[PDB]
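Asker: Sharing a structure, written as structure tokens. Questions coming.
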Amino acid sequence: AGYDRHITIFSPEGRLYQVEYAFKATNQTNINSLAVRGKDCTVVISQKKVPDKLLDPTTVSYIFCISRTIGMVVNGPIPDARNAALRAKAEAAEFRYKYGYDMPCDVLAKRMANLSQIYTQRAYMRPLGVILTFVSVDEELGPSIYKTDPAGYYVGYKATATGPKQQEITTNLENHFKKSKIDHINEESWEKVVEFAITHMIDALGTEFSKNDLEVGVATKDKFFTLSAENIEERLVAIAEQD
Amino acid sequence: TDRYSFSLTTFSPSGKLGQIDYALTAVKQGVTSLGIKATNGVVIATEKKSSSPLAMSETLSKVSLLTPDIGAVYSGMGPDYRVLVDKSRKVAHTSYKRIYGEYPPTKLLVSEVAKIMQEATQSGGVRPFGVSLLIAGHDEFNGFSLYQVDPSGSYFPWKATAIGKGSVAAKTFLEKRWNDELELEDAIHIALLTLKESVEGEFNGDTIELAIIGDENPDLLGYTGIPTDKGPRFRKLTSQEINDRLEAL
Amino acid sequence: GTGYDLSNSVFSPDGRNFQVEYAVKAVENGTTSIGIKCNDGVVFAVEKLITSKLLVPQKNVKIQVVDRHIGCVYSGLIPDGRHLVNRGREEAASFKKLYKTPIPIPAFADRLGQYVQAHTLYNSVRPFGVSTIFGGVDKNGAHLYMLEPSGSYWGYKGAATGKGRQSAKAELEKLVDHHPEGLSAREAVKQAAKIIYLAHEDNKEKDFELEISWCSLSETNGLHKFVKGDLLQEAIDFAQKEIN
Amino acid sequence: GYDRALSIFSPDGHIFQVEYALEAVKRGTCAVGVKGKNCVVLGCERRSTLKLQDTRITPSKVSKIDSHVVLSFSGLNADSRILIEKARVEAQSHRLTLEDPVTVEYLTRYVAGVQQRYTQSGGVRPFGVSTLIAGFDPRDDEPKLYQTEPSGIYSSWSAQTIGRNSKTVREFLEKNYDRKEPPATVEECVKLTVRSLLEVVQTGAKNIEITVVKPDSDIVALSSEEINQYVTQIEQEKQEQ
Amino acid sequence: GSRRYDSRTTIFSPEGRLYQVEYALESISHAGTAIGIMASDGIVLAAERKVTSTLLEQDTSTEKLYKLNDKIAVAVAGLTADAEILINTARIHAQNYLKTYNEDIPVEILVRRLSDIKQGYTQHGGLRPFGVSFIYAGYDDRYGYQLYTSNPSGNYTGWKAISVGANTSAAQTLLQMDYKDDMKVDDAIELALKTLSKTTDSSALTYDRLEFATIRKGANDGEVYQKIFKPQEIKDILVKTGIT
Amino acid sequence: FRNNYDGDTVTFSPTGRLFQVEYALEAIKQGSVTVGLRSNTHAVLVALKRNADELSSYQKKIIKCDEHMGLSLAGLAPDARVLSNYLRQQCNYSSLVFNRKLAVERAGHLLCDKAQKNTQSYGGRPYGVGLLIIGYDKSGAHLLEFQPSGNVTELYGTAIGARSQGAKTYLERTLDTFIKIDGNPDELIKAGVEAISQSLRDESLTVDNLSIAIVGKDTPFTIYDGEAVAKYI
Amino acid sequence: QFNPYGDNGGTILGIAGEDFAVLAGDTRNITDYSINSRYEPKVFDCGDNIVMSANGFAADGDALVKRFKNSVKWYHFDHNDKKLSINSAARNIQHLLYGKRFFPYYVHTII
Amino acid sequence: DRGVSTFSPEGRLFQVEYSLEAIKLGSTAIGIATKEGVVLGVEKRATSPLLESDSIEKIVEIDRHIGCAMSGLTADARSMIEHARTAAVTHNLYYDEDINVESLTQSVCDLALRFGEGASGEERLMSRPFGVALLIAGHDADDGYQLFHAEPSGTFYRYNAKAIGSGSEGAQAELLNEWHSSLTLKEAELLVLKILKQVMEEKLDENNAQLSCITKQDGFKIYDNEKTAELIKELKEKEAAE
Amino acid sequence: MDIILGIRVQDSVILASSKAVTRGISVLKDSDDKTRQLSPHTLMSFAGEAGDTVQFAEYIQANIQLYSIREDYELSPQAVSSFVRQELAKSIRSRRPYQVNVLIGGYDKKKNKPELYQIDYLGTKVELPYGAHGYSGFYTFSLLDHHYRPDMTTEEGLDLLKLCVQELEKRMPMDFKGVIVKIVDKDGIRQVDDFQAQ
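Protein chains in written order, with PDB author numbering: chain U, 1 to 243; chain O, 2 to 250; chain T, 1 to 244; chain Q, 1 to 241; chain P, 1 to 244; chain S, 1 to 233; chain Z, 1 to 111; chain R, 1 to 242; chain X, 1 to 198.
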């Protein structure tokens, strides 16, 4: 009559409250993130909020380069975010050593999702309060987005969004794909795809952006990289001339 | 440092095992899935419940191949099912194929899956699995079979059954329509009719996952050369193959 | 029913780990300490409450060295800080053994990051009762870091924690604004002394002892060294001249 | 593994788990033992909640540890098997290294030690068993009777009982058994054993089993009729008076 | 730590009973009924399935009667999963005995082993007991036909006729009324059906809800035979006694 | 209040306190009084010993660690044994492996790190004893105060135990007088005995009751008992 | 293959008198045909009025003397500064040596 | 529940204090030291007249020069005695001499703290403290005849005289008055009997009371039932006078 | 090696074992009983490596005596032999295998038949009419091949052993100091004390 909400055991209704409260934890950083697929690229966008003037902005980041090919964005407290990062980086390197090819995006998602399921079932391990969005241009499946949560769930996406205002981004993105009647962003260069992601982010949040408010990672053939404040600024000048 | 070496599932004064009861409640909320056994095959089906319009439900397999002749589907907690599919596939090799040089018969693999679910019912520091499984298979000396596996680790053989959200109404629909002389093509027809009652939303090849355990597929083997290798009895129907059958419904 | 604050690795309904927040309370309860990043290094400073005339001066050293190039200072439960530096030293030695190079600062930060974070994952351990300020010089510039009991850390232009964190953070912010190009190591030593003296207003009931250490590429060759003698006295003199 | 301290002290200096173990001994069927001049007699009661059993295959309440020492118990039957097995092994181990069978004192001291161990080890509850251990030391013609309890304490008795209504039968033995002169005959020693049981047992055709151990590994279990003869005679002793 | 969530499965009530054992027995009293009856020339095992559907398969199913050996079989009342774990260790123990001594395991030895494993979960480990009761039917050249029972408390006893599971009180009265020592196996089969028929929680007693097993000595072979009754064989043995 | 939070060591209070550590500190406060002090040439330990009866022994509070080092206890005697015996091993390791007398400051750091571990892990309790360590190494005379929380502090003089506030007040006043007792053992012991009387309050200190330890420049760590302390009364 | 032993030469000699006892030893230390040291002390004061020498392989000899000195130290700690009687030392050294029965100290030792 | 080795707000170990209450429920034990030898005495306390009183062994030998008396949960003392005996013989094997009465005790007390439920430091596996106190009495060359009291806490006090168990505070009040530095061994013999007679529930005799001593010359010896009865007879006649 | 012989007749098993124990150039004992009683109706004789010989025998003795008490029953010779074999067959691939050869001589009270088992140090068990271990067999096997009949009385069996012992005393280099002879029948085990100068 009390302790079924403290550890990961079933409640009379068939629920795991520790897992539910872990979802709540993912919204603690108050940051929204989204991901979109281009013709041959994949873009992650995340908000960057630096409340302190004493912080070094270049270290405040929730995007991680897991391998040469895989990139990951995280919603949730940073200690948990970096816990998941290091594990994923280790898991990717180990995969390469044992199997002789680079770990595909969707497999690393599965492996991380499986690891979460464990903290869901074992009592001494608490779930991590994070949602992990893996992106790459996989050599078999093309541009790819895969996302895992504290429940141990994971699935692929045409596009995705995560954060406090997640629902507004999602229905905005759906409405674009109904009109376009296809599941990707029809553009050759990744530059315009990044431009699309920001444009459709502002539109759904109703807040303008400067170079220090955002954070952009891009995945291409044989490379994943994160943009500098200056590359974002260049990209912001392009969208301003559009309207 | 895990100090949880005691059971989390124990007996209450009434004799109930609380955690197993609660695991069954979780399965009850889960999406409806079913199984039907024909004279010349078995069919297992479920609904691909979309978590978002943006998600790609093709990447989410609710149906899984265990051995080339054995398949599985579920109701309840997806995560739990996924890791169970992984363990079951491995145990089929380590406890059977690596010893006897052939794939385990349906009853024994089921027995081994059940065994894994039992341990979570008793081992220190764990909760039961929040899934019920439906396993359809074929082995030379038993023919076609279908079993249900529960969170407690119990398994029963079924001629036809359904689990989850709308099991009660589905079981009643199956009793009316099942006979011991059903062909496979008929068993698929019934499966689609039963599932149409559970789905409120879109009912098509994209929102329904459906697999069979039937005849040997030589074109799906991948190689020719061994006469005593004729290929998998498990086949997942494509989005296109389901829609063809829905047009004559 | 509640009770989500009785065990370490437990989430409360609002997504928080209450035991970690309680650890912070022990940190806020502690002696104030700071860090300034300059154009070629880092400076560290700490308050030392003189409870009795029987405390031997210059002896109860709170600032610790990791390897030869990293300095660490912390607020809160002192023994927890030491344990964390002991781990740091092992972690650094492990790095400078597999790889020949002495451990990079971002690298070292994460090593402490993951260790502290590990103490928020299980109910059989307690979180750390310290916020830690550490940094030094490596292959590409100087770095300053601050690490919370949650395992959270960021890079800093200036950092502060403890009883007088308010006063300090305000003082540092004026330095960031007024000196955009950068402060020099020599100046940052003098300046740190003022920040500790001004942050003492909160704890001003008992007298204190100033302790400064620094790591500068052109002033200490990139090696962490303490400030003693002439430069230590000059810094106190500068702080005393701007406290009047 | 699991090492939770289950046997712990309470505010007034009691180990409640050891205390509750005795409550299981009180629940268990009655057991008695009286020592004559040249023999020890052990007596036990059989329950009759259900009577459709097979007595041949169901374990009789008096166990043999070695060919010269026996053990009877009151309490949880499943626990007692674990104690019996361990004592049987130690019995063999002693013959192996000392080249002589165990004394009754020693074999009791071992059992008592096992029980005591289970009262200050983590992850275990104490045994819900008290034992009566009886026999003769090798080359010795002097009778031995010992009692152990869940706390691990042991002592030797002229006469003793354990289990349900042992209070009432100990009462009987305290006024009847003479220290000046024990029962001189093997026959009259069994008489005192059945008499003391008939207080608690009810008129029992079964319900009472007797085992008689003499020196030099001479142990024998009495039949229904042999016991019945004592039952037929004892109840005719009262009617004359 | 974990102290807070520990059920403490293996401790005594102030009364002297074992909580978990008692509650596991309460669990079993709700399971399907099983019956064992010993005749002079063999043994009979019979079990009631409990709740079943029309669509349930009975061909492949043998969920309550399990073969341990060429000469020993069991009736299960309780959790099937829990039971299979115990059946499997007992199947192994029998083979170990045969490997070691080149002789088939005597029935009580196998029974004692299983009862000791059950007793284990009663004194140490911190794990819940097995929610299972067994009826053992077997033959050896020492005692001939033996019938044993074992429960979660690790306790075993020998029986001429016995029941486990649901309505044992009612079933025990009806057997104790009609059992006699000079019974023949075919009379014992009849008794077994007659008992179950009056203590069923169902409308009528049908073949598909029943499982039957006999352990005879071949009335021509001169050696011990086991028989698990096939669906049709129960259907036939049900018409003979006039239940249809 | 604490109820629910005094649980066990691995629990923080809402205010940020560790009650198990605090309750350990309380066991010291009810232990018998002991005083420490030093100049530059010598370091002095003075402990008042507590009996259980007039028929009992005055249980020893001073333990030798190495030829140059040792300590006094207040609180749980078993725990002082565990800690001193750990310090003996660390002193010995430094002698054997390095041929180096272990520095007094480094000895404090090891006890700190040992105590800290008992305050962060489930199952373990904090040590229930406070320690005064005197030593003479390569940097002159030293006196350290140990707290079960892990807190170590070097001091000119100090006191712990029952009524220790009188001795600590007196020592704080006497600072400039004792620190300059260089090259005279007796006159540092004399200052120690006058410090311990400020915490007496109840009884007169006697010949089989006082404990004295000294170490310094030309003096190895040695403990005086019985008729050997008669002069300082 | 690596050989863990060597011979460092030297000779020791002990004689007891009525109220005294002497323990002597040459100060020379050698390897094969080379002199390592003309003055390398081999007989040590171990405290408690005991003198000891371990002649043979000096590395095993120094380990043993170091281990006995340390044994004396702990005998004082564990037994309230009691003196180690020479008969007790002998027995203690027996145990020190026999501990390495299957990989021995190559010393002939006198106290 | 709440941890085993835990501190009360008063700064004491729960389990240890509760264990001290269990010793108070034990049978009385009384030691006295002289310059002719230490003397031990215990109350048998047979719970039933059928109990063969001489099987109550509450006095044990550790070595020819070290004896031991118990009080409380006596079953616990079996391993304590085992470790006392072993240590005494091991010391002899290692040093060709007798273990110091002092060093012998210290070793027993090292066991006393060896309880817990977790790992930090050196590993000790025991679930609860011992529920028994010990009196340890003997002689060595260094410090003569000695009497120690060893509590489950881990501490040991040397005593000129000590009582433990049920009527210990009453006995300790009497021992305070009756002890002096120049008692003869026989005067300490009668004393144990007098103080036992007083605090026992039963009328003291040769069956419910046992005597033991230790001299340098004859070692440790348990008094036989015929010898004890003579001293009780001697005591009764000396009480008759004044 | 020492002499370990065994012969099964109509209603009994007879075991004959050398009395000598020799180490180096000295005969240390001439009255050594090289046998153990495993149960009332089962006997085992043993020869081989110095220490291993008795240690194994007593380890087996204890194990069968433990079984006897546990089950209040005596195991058949077949059962006992199968136990001994398994024990040896285990040790044969261990760090230091037992080096003991044994003969098991029992009387199956259930079958009313004598049984003789020969098992060597490797765990090679075989049932035989007559058996021998070591160099003894090189003389006795062919002698018994000739003089053995399966229906002989116990008295005739002792005559047949005497013919082996005389042969071995004539043609073998070792003085094995005679034999101790034991009978295993329906009435258990007994020793033929007057075999020396019969």
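Just so it is clear, CB atoms sit at the ideal spot from N, CA and C, and this is done for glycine as well.
Does the beta-carbon of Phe1 of chain S have 16 or more other beta-carbons within 10 angstroms, so that it is buried, or is it exposed?
Answerer: Counting Cβ neighbours within 10 Å, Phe1 of chain S comes out exposed, since fewer than 16 surround it.
Asker: Would you verify that the beta carbon of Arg128 of chain O is, or is not, closer than 8 Å to some beta carbon of chain T?
Answerer: no
Asker: The region 100–127 of chain O: which residues have C-beta closer than 9 Å to a C-beta of chain Q, in chain order?
Answerer: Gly125
Asker: Check whether the Cβ of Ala221 of chain Q lies closer than 8 Å to any Cβ atom in chain R.
Answerer: So no, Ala221 of chain Q is outside the interface.
Asker: Assuming the contact rule is C-beta atoms closer than 8 Å, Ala31 of chain P and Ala166 of chain P should be a hit. Round their C-beta distance to whole Å, please.
Answerer: Correct: roughly 6 Å between the Cβ atoms.
Asker: In chain order, what residues of the region 77–98 of chain R put their CB closer than 7 Å to some CB of chain Q?
Answerer: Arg78
Asker: Please state if the CB of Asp186 of chain S and the CB of residue 241 of chain S are separated by a distance shorter than 8 Å.
Answerer: Residue 241 of chain S lies beyond the range of chain S shown here (1 to 233); nothing can be said about it.
Asker: Look at the alpha carbon of residue 323 of chain U and the alpha carbon of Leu86 of chain U, and state the distance between them as a whole number of angstroms.
Answerer: Limits of chain U in this structure are 1 at one end and 243 at the other, which puts residue 323 of chain U out of reach.
Asker: For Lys125 of chain X and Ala132 of chain X, what's the separation of their Cα atoms in angstroms?
Answerer: 13 Å
Asker: Straight-line CA distance for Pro143 of chain Q to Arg142 of chain P?
Answerer: 34 Å
Asker: Between which two residues does the beta strand (DSSP E) containing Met70 of chain R stretch?
Answerer: 66–72
Asker: To the nearest angstrom, how far is it from the Cα of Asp140 of chain R to the Cα of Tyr94 of chain R?
Answerer: Approximately 17 Å, taken between the alpha carbons.
Asker: Alpha carbon to alpha carbon, how far is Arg17 of chain P from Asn77 of chain Q?
Answerer: 13 Å
Asker: How would you list, in chain order, the residues of chain Z whose beta-carbon sits under 8 Å from the beta-carbon of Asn92 of chain S?
Answerer: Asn70, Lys73
Asker: Roughly how many whole angstroms lie between the Cα atoms of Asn172 of chain U and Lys211 of chain U?
Answerer: 23 Å
Asker: Is it true that the CB of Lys48 of chain U sits closer than 8 Å to the CB of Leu214 of chain U?
Answerer: A contact, by the Cβ cut-off of 8 Å.
Asker: Could you give the residue range of the beta strand (DSSP E) that holds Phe145 of chain O?
Answerer: Unbroken beta strand (DSSP E) run through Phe145 of chain O: 144–150.
Asker: Measure the alpha-carbon distance for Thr107 of chain O versus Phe145 of chain O and round it to whole angstroms.
Answerer: 9 Å
Asker: Is there at least one Cβ from chain U nearer than 8 Å to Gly131 of chain O's Cβ?
Answerer: Cβ-Cβ to chain U under 8 Å: yes for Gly131 of chain O.
Asker: Of the residues U:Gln28, U:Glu20, U:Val43, U:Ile9, which one's Cα is nearest the Cα of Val193 of chain U?
Answerer: U:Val43
Asker: Tell me whether the beta-carbon of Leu84 of chain T lies closer than 8 Å to the beta-carbon of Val130 of chain T.
Answerer: In this structure, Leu84 of chain T sits near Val130 of chain T, with a CB-CB distance shorter than 8 Å.
Asker: Going by other Cβ atoms of all chains shown within 10 Å of its Cβ, with 16 needed for buried, is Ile9 of chain U buried or exposed?
Answerer: buried
Asker: At 4 residues or longer, what runs of the alpha helix (DSSP H) sit wholly inside the region 116–182 of chain S?
Answerer: Listed in chain order, they are 165–178.
Asker: How is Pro150 of chain U classed by DSSP in three states: helix, strand or coil?
Answerer: coil
Asker: List the residues that DSSP assigns as beta-bridge partners of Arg190 of chain X.
Answerer: X:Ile183
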